[PDB]
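All remarks here apply to the structure that follows.
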Amino acid sequence: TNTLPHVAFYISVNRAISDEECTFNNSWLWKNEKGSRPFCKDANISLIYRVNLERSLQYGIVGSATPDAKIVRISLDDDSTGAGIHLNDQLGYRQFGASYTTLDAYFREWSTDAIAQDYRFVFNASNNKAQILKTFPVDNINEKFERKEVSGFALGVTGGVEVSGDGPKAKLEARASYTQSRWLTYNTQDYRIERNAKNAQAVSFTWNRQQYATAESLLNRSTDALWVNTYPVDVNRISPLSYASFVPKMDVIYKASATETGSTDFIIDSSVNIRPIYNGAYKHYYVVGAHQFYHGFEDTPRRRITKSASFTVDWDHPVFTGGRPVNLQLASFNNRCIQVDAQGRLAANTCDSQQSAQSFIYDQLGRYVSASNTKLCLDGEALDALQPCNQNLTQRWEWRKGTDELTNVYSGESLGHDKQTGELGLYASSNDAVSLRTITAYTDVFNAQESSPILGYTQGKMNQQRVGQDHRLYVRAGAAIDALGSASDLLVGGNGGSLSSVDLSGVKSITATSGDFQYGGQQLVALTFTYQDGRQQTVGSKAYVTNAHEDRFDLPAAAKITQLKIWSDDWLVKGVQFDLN
Amino acid sequence: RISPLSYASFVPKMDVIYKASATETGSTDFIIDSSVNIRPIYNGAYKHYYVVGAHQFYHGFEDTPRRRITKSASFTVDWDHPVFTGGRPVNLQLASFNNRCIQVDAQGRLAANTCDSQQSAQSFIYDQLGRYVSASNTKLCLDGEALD
Amino acid sequence: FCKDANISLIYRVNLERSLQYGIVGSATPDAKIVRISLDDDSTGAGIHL
Amino acid sequence: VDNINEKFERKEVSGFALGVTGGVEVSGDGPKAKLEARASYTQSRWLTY
Amino acid sequence: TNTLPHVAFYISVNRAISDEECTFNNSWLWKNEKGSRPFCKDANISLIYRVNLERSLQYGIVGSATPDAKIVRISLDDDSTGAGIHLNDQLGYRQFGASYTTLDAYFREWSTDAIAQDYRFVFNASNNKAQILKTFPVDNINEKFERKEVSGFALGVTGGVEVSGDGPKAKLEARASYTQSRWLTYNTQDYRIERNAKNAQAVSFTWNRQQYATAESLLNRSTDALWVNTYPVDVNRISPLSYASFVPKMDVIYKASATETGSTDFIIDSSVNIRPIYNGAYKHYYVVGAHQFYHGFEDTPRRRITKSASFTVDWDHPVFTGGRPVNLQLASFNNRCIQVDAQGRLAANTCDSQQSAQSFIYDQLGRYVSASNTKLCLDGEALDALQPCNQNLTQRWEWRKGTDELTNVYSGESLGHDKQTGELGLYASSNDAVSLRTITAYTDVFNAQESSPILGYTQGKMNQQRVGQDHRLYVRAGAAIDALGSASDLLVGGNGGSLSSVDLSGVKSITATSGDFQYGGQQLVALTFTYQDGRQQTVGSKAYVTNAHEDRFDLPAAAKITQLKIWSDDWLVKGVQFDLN
């Protein structure tokens, strides 16, 4: 128990990708003539972040080289990976010859499987109370370079003789050649590392294509004659890493000030920018013959497909104290541990393994401190309540070996408790109605709060609104979803929606669907509260939606939902979360 | 041909250690100054026309100015602060009372008062010689001849 | 010429003696030490243009 | 500690070549024959860092 | 205390470099036609060395690997750096054209910032008693080599056929070629490491320009016609290390013989050689035209700028005993430690932590040895004084555990002392007038003697002249500082300077100016004593010096100076050092 405590867990992130999101038009230059098609089969998103939270030091220690602070560790490496990111399993193409009888134009075209341009992840906190401490990919490397310089001069002499009937000839020749050149070489990676930071709250890692960075760079050859028909798109210059499957690596650590108090959320953006390839051939003609000059068409759009996640730190959580706590039990009963309210009065009640208000901290000074409040502490002057604690010696307590009682320093007076009321008093010796038996032990209060999955997008204003006493989510949404709130006044965003009030308690689940919502951009396309009986209350559109994605988000029934987290612009909501019990 | 390290994001790495003399006293500040020099790139084409034709000769006008945007901070050290003493101080509790610790003034008189975890003048240093010394100053230390 | 330029660095400040109190004849001569460090363990966000 | 002093790289090469060629041209106007020799020498300096 | 003790401390050398020292003419070939200007900007010298010193082995240990001797280490490394060496904070030049109309000569020239040709460090000992044990720059580098060799032979055949209206032609050829060549390859450094140990008392380390050793190695072009007017000197071929800031690194250790007794001084000398660049272009006005053959005039003078310091070792000092000492307290009193004089008689006095004559050494033989006198040991036969050490058991002593009495083996009886006089005796039992309380502990005596800074130049004849008992010195100085001493017969230097006699008792400071003395040489140019009052006595003249370096050397009040460390040769006076107490 003398080691550094921790609180850590794993967080999943998973998203299937249906065909339509991957579907693009067939050819580029002839964009609309041949129509569209899927460009990747069975694309998948799966990954497991590692979340860890700690105090930078054991409680009570003084002047260690490590400065006092609170540390947040969001990371993955070998130890924890998840499955990964996937686009394709093979490399399928499709040829398209001359649409018409061509005179001079791009005439032979090929459209093959899509390839990943780049991968990206964005981490940021809900507020500015915490700052980035440090991050594994310290920073892209100031590349090594080599420069070579070559200078030389030639001095040649040639003795030649020709012999023939007309007349012999002789030759003496001198050649003086001077030459200089420079060489500059370096190294590149398949996918370049690139970190970008927006601010002391928002940071982004990214991996982008560096080698063969453009489609036309993948040309398997240079060119050919006018008539040569051959599939000119190599694959062997493509790492299967680039398209098939991939797993990232990342370490980020946020700092938190010792004196800070409150709570905050942390926000996770995983994204991949998908793009097909488009290589064509213009029959570049010189008057005699021609050549299917090939040139990549990189103007074809790229769709960034993303998923988001988040979680919550409550800084006042006991773990940040820096000392493994224990309970305190009136051993006369079979189950009576000391609990503390918010105000300061103390009770003896049922014992809980996860009761902070029943948790306590032992120190070098022999005091005892609330995990819920480092301020108040135990003192024998008035056991009815605890006080903001300091060097008052009467706060201090000592164990007597082989006993079941704890003693006070001030005058050796022992601690006692009546067999009925759970009172705490100080006495010289136990009486008939007061027992001294009292034992403690370490307990877990550090299992993290369960994850709350998000639905939509982590863009637009972040707003937490307490679920109203009226237990009815009020919405400005009709066929389009503009604004949300706990009441008709707590809207943020647009106004064009209809006025709706939805029951929140007694709800079995929420089927919330987002995606390509016709009213503009990617947003929560519809809400459908599946109540306790299973009945549906629907606001939004399930018919103006394409590329939809839905969640049937489930709770214990009749759960008193507590807060509403919206990610929403002054027009529409594109992110919804229900901060749980 | 440009790394992101030039424009997008960067982090530095360095270490400095300032030396201070044996027992020089008083106060001092240390000053940190961060600066980045910003400058765009201006490149154009020069019409070098030989009588046959003109080639667009490209030249980057490196004479474009620069702006060194800076920020700064500072902090303070007091040598007499117990940090440079070299030992872990402790209080002295007049254990008859619930809260009394002995404290030293500037002149030398010693008073029993409420305690403070963060009171230099209530803190003291233990040594190999079995003496007890003012954590505020190595020059002052306790003796039983005149405890006042 | 650049959107959202930002500066945010963090620095580690250390203060220490070169030796335990009263120790004699060690390797390191007595002095006072100010340490300003910026490396792996403590860097902060960085510089953006 | 310091601005880096680095390690330069220097190559220097002296070369000399000796070639001999014997050719014959044949045509209607008349056969001709040539025998010739070449002697080349050159210094080369290389620097890398 | 079981660890081997040490004595170590930091010594700072600091020297400002005023503008005039870095001032030179505005051109080389045109000495005065453009005048002069400064070539530096706040050039500075600031280093700190770490001087340690220690016995080669703990006292009493016998037959170990390392033979007994004394060690003085002087180090400049990772944790012993200083600030550095500074010349400039920018890259600068200055165009200059044809002073007069030219026919065929150099006509275009460029002034440049001054560049460190080399850095040097001189390590010296005031006599031969010590020796140069070892040096971290073990030695100059036996540098490896690469030697390729190539032999080649060519065997080509060729069939060439021409066809035209004149007549078909055919030809066949055979080429036989042979060639041989050699390749040599090796590596250099910017400022090559070169050490020169001049002799068994003095060593020199140096880092000198090796790559690009000439200004002509800085060209960017062979030559051109009149069309070019370009400052032809690159700066990128110059490291920032070359000119702006530099920090050295090296380590030296001096050996000292076991049996020697006495005292000695050690001398640290730092130096740079400064030199600007003077490269120009000769317009070789041939019939071909004007070709500006560039040339670097490596003949431009080079000025060495130096600073120095020194310090003092006393072999007789207790540090080299090899065992941490303790005191001896007649604990009847509150402040009474036993002190030993030079002759042997003993006293009881107040206790100083730093008092050698109260310090003592305790060995396996249970003896006690004076730190200042390794020859002497306490013996119970006669406690009035110590005796030369031997195997006499009565010299030996033993502690009684858990007690305060240190007793003697011979017959076992204890050491005693009367409560009044501090006498020592041997007694079987304590009496009324004799106390037995006797305690000790380790006491620091290992602080270093403070450093006496130096002014002038550490060259010329070195000598020591004990300050006359009158505490008043005699000089032959006039318009020039010729000879110095503590008496008219004790002059070192010439004799041309006029007679002078200046009091030394009660002097607070000296305004001493040295450097390029106008009338002759680079030495101590003038002195002005400043008594405890603050008045001035002048010898030499501040007006009769060029490029003066002036300093205000200051002392603790009314310090009885003991001797003069003087460096003068027999012509003038080169340096000064008044031994402080």
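Here, A, B, ... name the chains of the structure tokens in the order displayed, residue numbers run from 1 inside each chain, and ligands are numbered from 1 in the same displayed order.
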| task | Check stretch 378-505 of chain A with DSSP on the backbone and list each residue it calls strand (DSSP E or B), as a PyMOL selection string. | result | chain A and resi 385+387-388+397-399+406-408+414-418+425-427+434-435+438-439+442+455-456+461-466+472-477+481-485+493+499-503
What's around stretch 29-36 of chain D at 7 Å? Count only C-alpha atoms, leave out sequence neighbours fewer than 6 positions away in its own chain, and write the answer as a PDB file with N, CA, C and O atoms, in the first residue's frame.
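Below is the file that was written, selection_23.pdb:
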ATOM      1  N   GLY A 159      46.999   9.630 -78.617  1.00  0.00           N
ATOM      2  CA  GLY A 159      47.832   9.419 -79.781  1.00  0.00           C
ATOM      3  C   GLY A 159      47.152   8.512 -80.783  1.00  0.00           C
ATOM      4  O   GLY A 159      46.990   7.314 -80.533  1.00  0.00           O
ATOM      5  N   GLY A 160      46.743   9.069 -81.917  1.00  0.00           N
ATOM      6  CA  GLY A 160      46.013   8.324 -82.922  1.00  0.00           C
ATOM      7  C   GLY A 160      46.787   8.236 -84.223  1.00  0.00           C
ATOM      8  O   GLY A 160      47.549   9.137 -84.569  1.00  0.00           O
ATOM      9  N   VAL A 161      46.589   7.133 -84.938  1.00  0.00           N
ATOM     10  CA  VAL A 161      47.202   6.925 -86.245  1.00  0.00           C
ATOM     11  C   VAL A 161      46.195   6.231 -87.148  1.00  0.00           C
ATOM     12  O   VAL A 161      45.598   5.221 -86.762  1.00  0.00           O
ATOM     13  N   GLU A 162      46.005   6.770 -88.346  1.00  0.00           N
ATOM     14  CA  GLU A 162      45.245   6.115 -89.396  1.00  0.00           C
ATOM     15  C   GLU A 162      46.180   5.803 -90.554  1.00  0.00           C
ATOM     16  O   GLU A 162      47.009   6.634 -90.935  1.00  0.00           O
ATOM     17  N   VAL A 163      46.045   4.604 -91.109  1.00  0.00           N
ATOM     18  CA  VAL A 163      46.881   4.155 -92.213  1.00  0.00           C
ATOM     19  C   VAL A 163      45.980   3.739 -93.368  1.00  0.00           C
ATOM     20  O   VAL A 163      45.028   2.974 -93.179  1.00  0.00           O
ATOM     21  N   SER A 164      46.274   4.255 -94.557  1.00  0.00           N
ATOM     22  CA  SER A 164      45.482   3.950 -95.740  1.00  0.00           C
ATOM     23  C   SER A 164      46.298   4.301 -96.974  1.00  0.00           C
ATOM     24  O   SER A 164      47.357   4.927 -96.889  1.00  0.00           O
TER      25      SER A 164
ATOM     26  N   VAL D  20      43.870   1.591 -75.931  1.00  0.00           N
ATOM     27  CA  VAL D  20      44.354   1.344 -77.282  1.00  0.00           C
ATOM     28  C   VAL D  20      43.195   0.818 -78.114  1.00  0.00           C
ATOM     29  O   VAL D  20      42.408  -0.011 -77.642  1.00  0.00           O
ATOM     30  N   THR D  21      43.080   1.308 -79.345  1.00  0.00           N
ATOM     31  CA  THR D  21      41.973   0.955 -80.218  1.00  0.00           C
ATOM     32  C   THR D  21      42.476   0.717 -81.632  1.00  0.00           C
ATOM     33  O   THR D  21      43.194   1.551 -82.191  1.00  0.00           O
ATOM     34  N   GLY D  22      42.087  -0.417 -82.209  1.00  0.00           N
ATOM     35  CA  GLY D  22      42.397  -0.710 -83.592  1.00  0.00           C
ATOM     36  C   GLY D  22      41.142  -0.958 -84.402  1.00  0.00           C
ATOM     37  O   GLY D  22      40.423  -1.930 -84.155  1.00  0.00           O
ATOM     38  N   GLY D  23      40.864  -0.087 -85.366  1.00  0.00           N
ATOM     39  CA  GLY D  23      39.663  -0.187 -86.168  1.00  0.00           C
ATOM     40  C   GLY D  23      39.987  -0.214 -87.648  1.00  0.00           C
ATOM     41  O   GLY D  23      41.060   0.214 -88.073  1.00  0.00           O
TER      42      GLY D  23
END
| said: Within 8 Å of chain A, which residues belong to chain C? Use only C-alpha atoms and report them as a VMD selection string. | reply: chain C and resid 4 to 8 10 12 14 40 to 48
| query | Neighbours of residue D:40 within 9 Å (only C-alpha atoms; same-chain residues fewer than 3 positions away dropped), as a PyMOL selection string? | reply | (chain A and resi 154-158+174-175) or (chain D and resi 15-19) or (chain E and resi 179)
With C-alpha atoms retained, export the selected residues as a PDB file, in the first residue's frame.
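Once everything was written out, this is part33.pdb:
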ATOM      1  CA  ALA A 154      40.613  15.727 -66.384  1.00  0.00           C
ATOM      2  CA  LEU A 155      43.931  15.875 -68.327  1.00  0.00           C
ATOM      3  CA  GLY A 156      43.859  13.405 -71.219  1.00  0.00           C
ATOM      4  CA  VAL A 157      46.262  12.816 -74.101  1.00  0.00           C
ATOM      5  CA  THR A 158      45.419  10.814 -77.221  1.00  0.00           C
ATOM      6  CA  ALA A 174      44.771  17.050 -75.337  1.00  0.00           C
ATOM      7  CA  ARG A 175      41.583  17.247 -73.260  1.00  0.00           C
TER       8      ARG A 175
ATOM      9  CA  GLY D  15      43.508   8.466 -61.653  1.00  0.00           C
ATOM     10  CA  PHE D  16      45.158   7.744 -65.005  1.00  0.00           C
ATOM     11  CA  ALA D  17      43.863   5.629 -67.921  1.00  0.00           C
ATOM     12  CA  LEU D  18      45.615   3.989 -70.925  1.00  0.00           C
ATOM     13  CA  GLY D  19      43.524   2.801 -73.885  1.00  0.00           C
TER      14      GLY D  19
ATOM     15  CA  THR E 179      43.643   2.230 -65.945  1.00  0.00           C
TER      16      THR E 179
END
| task | In Å, rounded to a single decimal, give me how far atom CA of residue A:76 is from atom CA of residue A:14. | result |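 Computed distance, atom CA of residue A:14 to atom CA of residue A:76, equals 15.7 Å.
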Would you kindly return, as a short mmCIF file (atom, residue, chain, number, x, y, z; two decimals) with N, CA and C atoms, in the first residue's frame, each protein, DNA or RNA residue with an atom no farther than 12 Å from any atom of residue C:15, considering only C-alpha atoms and excluding same-chain residues fewer than 3 positions away?
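Result file is result22.cif:
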data_model
loop_
_atom_site.label_atom_id
_atom_site.label_comp_id
_atom_site.auth_asym_id
_atom_site.auth_seq_id
_atom_site.Cartn_x
_atom_site.Cartn_y
_atom_site.Cartn_z
N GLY A 63 9.08 18.31 -1.02
CA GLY A 63 10.31 18.71 -1.68
C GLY A 63 10.92 17.70 -2.61
N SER A 64 10.15 16.72 -3.07
CA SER A 64 10.66 15.80 -4.07
C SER A 64 10.95 16.54 -5.37
N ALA A 65 11.92 16.03 -6.12
CA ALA A 65 12.28 16.67 -7.38
C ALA A 65 11.08 16.78 -8.31
N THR A 66 10.21 15.79 -8.32
CA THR A 66 9.00 15.90 -9.10
C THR A 66 8.11 16.96 -8.47
N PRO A 67 7.70 17.98 -9.20
CA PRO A 67 6.85 19.02 -8.61
C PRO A 67 5.44 18.51 -8.37
N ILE B 17 21.48 25.51 -15.53
CA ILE B 17 21.68 25.51 -14.10
C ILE B 17 22.53 26.72 -13.74
N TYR B 18 21.97 27.59 -12.91
CA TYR B 18 22.64 28.76 -12.38
C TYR B 18 23.31 28.41 -11.06
N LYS B 19 24.59 28.76 -10.96
CA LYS B 19 25.37 28.60 -9.75
C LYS B 19 25.20 29.82 -8.86
N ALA B 20 25.22 29.59 -7.55
CA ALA B 20 25.22 30.66 -6.57
C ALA B 20 26.26 30.35 -5.51
N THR B 76 11.52 34.59 -8.51
CA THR B 76 12.35 35.18 -7.47
C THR B 76 12.93 34.11 -6.56
N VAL B 77 14.17 34.33 -6.14
CA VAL B 77 14.84 33.50 -5.15
C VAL B 77 15.31 34.38 -4.01
N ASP B 78 15.11 33.90 -2.79
CA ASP B 78 15.70 34.48 -1.60
C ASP B 78 16.69 33.47 -1.04
N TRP B 79 17.96 33.86 -0.96
CA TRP B 79 18.99 32.92 -0.52
C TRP B 79 18.75 32.47 0.91
N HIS B 81 16.24 31.82 2.35
CA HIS B 81 15.14 30.88 2.51
C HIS B 81 15.69 29.51 2.90
N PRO B 82 15.00 28.77 3.76
CA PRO B 82 15.56 27.51 4.28
C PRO B 82 15.92 26.49 3.22
N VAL B 83 15.53 26.70 1.97
CA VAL B 83 15.76 25.70 0.93
C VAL B 83 17.23 25.31 0.85
N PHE B 84 18.11 26.29 0.90
CA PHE B 84 19.53 26.03 0.72
C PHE B 84 20.22 25.67 2.01
N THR B 85 19.47 25.48 3.09
CA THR B 85 20.08 25.02 4.33
C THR B 85 20.74 23.66 4.15
N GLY B 86 20.00 22.69 3.62
CA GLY B 86 20.54 21.36 3.43
C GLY B 86 20.03 20.31 4.39
N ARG C 12 10.16 23.66 -15.83
CA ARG C 12 10.35 23.06 -14.52
C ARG C 12 11.42 23.83 -13.76
N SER C 18 23.94 21.72 -3.03
CA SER C 18 24.78 20.72 -3.67
C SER C 18 25.10 19.55 -2.76
N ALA C 31 27.66 25.01 -2.68
CA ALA C 31 27.13 26.11 -3.48
C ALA C 31 25.61 26.00 -3.46
N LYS C 32 24.95 26.92 -4.16
CA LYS C 32 23.50 26.93 -4.29
C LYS C 32 23.14 26.76 -5.76
N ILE C 33 22.04 26.07 -6.04
CA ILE C 33 21.76 25.57 -7.38
C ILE C 33 20.35 25.96 -7.79
N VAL C 34 20.25 26.68 -8.90
CA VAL C 34 18.98 26.98 -9.55
C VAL C 34 18.93 26.17 -10.84
N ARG C 35 17.82 25.47 -11.06
CA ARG C 35 17.67 24.60 -12.22
C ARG C 35 16.43 25.02 -12.99
N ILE C 36 16.61 25.38 -14.25
CA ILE C 36 15.50 25.66 -15.16
C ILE C 36 15.59 24.65 -16.29
N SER C 37 14.60 23.76 -16.37
CA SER C 37 14.68 22.65 -17.30
C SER C 37 13.43 22.60 -18.16
#
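With distances restricted to only C-alpha atoms, B:127 is the closest residue to chain E from B:127, B:132, B:99, B:112.
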| field | Test item, alpha helix (DSSP H) assignment across stretch 232-283 of chain E, answer as a list in words | value |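 Output for stretch 232-283 of chain E, alpha helix (DSSP H) only: residues 240, 241, 242 and 243 of chain E.
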Output N, CA, C and O atoms of each residue in that selection to a file, as a compact mmCIF listing (two decimals), in the first residue's frame.
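Result file is out20.txt:
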# COMPACT_ATOMS: atom_id res chain seq x y z
N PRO E 240 28.31 28.33 -35.92
CA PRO E 240 28.12 29.24 -34.79
C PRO E 240 29.16 29.02 -33.70
O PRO E 240 29.63 29.98 -33.09
N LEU E 241 29.52 27.76 -33.47
CA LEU E 241 30.59 27.45 -32.54
C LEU E 241 31.87 28.18 -32.90
O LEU E 241 32.65 28.55 -32.01
N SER E 242 32.10 28.41 -34.19
CA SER E 242 33.35 29.01 -34.62
C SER E 242 33.54 30.40 -34.02
O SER E 242 34.65 30.75 -33.60
N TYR E 243 32.49 31.18 -33.96
CA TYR E 243 32.67 32.59 -33.64
C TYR E 243 31.87 33.05 -32.44
O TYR E 243 32.37 33.85 -31.65
| task | Select all residues from chain E having any atom no more than 10 Å from an atom of chain D (counting only C-alpha atoms, ignoring ligands), output as a PyMOL selection string. | result | chain E and resi 77-79+81+84+146-162+166-192+211+239-242+244-249
